[PDB]
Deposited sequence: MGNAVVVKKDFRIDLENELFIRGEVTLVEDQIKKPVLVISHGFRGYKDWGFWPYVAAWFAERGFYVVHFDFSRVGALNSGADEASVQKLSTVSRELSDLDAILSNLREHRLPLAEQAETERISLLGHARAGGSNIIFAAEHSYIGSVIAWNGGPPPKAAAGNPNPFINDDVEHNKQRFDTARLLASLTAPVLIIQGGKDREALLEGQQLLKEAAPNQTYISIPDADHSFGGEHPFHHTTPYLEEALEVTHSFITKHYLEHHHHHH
């Protein structure tokens, strides 16, 4: 009943993105959820296959994908090559490619995607990058960060990138002004630096929604490999799904 369709977007040079559309086919347009994996992840990592299917069963047209850096590394690209593809800027560029292909209806089964109702879900570092993309694109109607969100902070490319985009990447400023519904879910058993940044977000932008799951770690327990769900991932899923469905279209 859940259909999974592979796609590949060939980018410039040898860069490419492998992704999946996950969907229960009902011949109607379904709200879109585009999922971004974290810095240590990939589309087949940990809970992502489960999460993609979970949302497809709940009525979403789901896209998840390997960032460019992942396809480069599996192609055996140089260490400098992979490092420069690892910037936040490159996430935003990859995400722009994913969303352009969705909006031009080039992804599989795109006739069943409601591009008028697009949401982002970002894990860890991609929680900050998804907030940035959301803030910069009117067609993103809501964004959810899992154990991420605060501004992105051995890679010299990441240093140059963070240095040249100190204002653009300030998710604290962006969240204070973004009128779209944003949800940040944070596990209590994550590193303190992150938890500190999450309080600064909540103080900067109280208008948004902040959910803490005290006993959950940085992955809600769903690190690789994934044999079963956990209470914490299940909560994050139900809260995220309630957030999108109950608030997306509200004024």
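Unmodelled segments of the deposited chain, in sequence order: 1-4, 158-162, 261-265.
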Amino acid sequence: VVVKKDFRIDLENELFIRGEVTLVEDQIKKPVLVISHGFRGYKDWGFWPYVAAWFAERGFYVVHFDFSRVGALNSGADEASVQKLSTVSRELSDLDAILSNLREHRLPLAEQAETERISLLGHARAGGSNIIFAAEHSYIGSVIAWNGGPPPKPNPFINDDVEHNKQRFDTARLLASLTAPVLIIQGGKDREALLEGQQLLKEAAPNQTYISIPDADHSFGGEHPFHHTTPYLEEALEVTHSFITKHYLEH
From here on, numbers count along this sequence of modelled residues.
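Mean CA temperature factor is higher for 157-165 when stretches 157-165 and 101-109 are set side by side in the entry. Here 28-36 and 211-219 are compared by their mean Cα B-factor, and 211-219 comes out higher. Sorting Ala77, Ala124, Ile131, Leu121 by the CA temperature factor given in the entry leaves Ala77 at the top. Sort the modelled residues of the chain by CA B factor and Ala236 lands in the lowest third. In the deposited entry, the Cα temperature factor of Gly141 places it in the lowest third of its chain's modelled residues. Compared with the other modelled residues of the chain, the Cα B-factor recorded for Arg58 ranks in the middle third.
Compared with the other modelled residues of the chain, the Cα B-factor recorded for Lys84 ranks in the highest third. Sort the chain's modelled residues by C-alpha temperature factor and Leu23 lands in the lowest third, per the entry.
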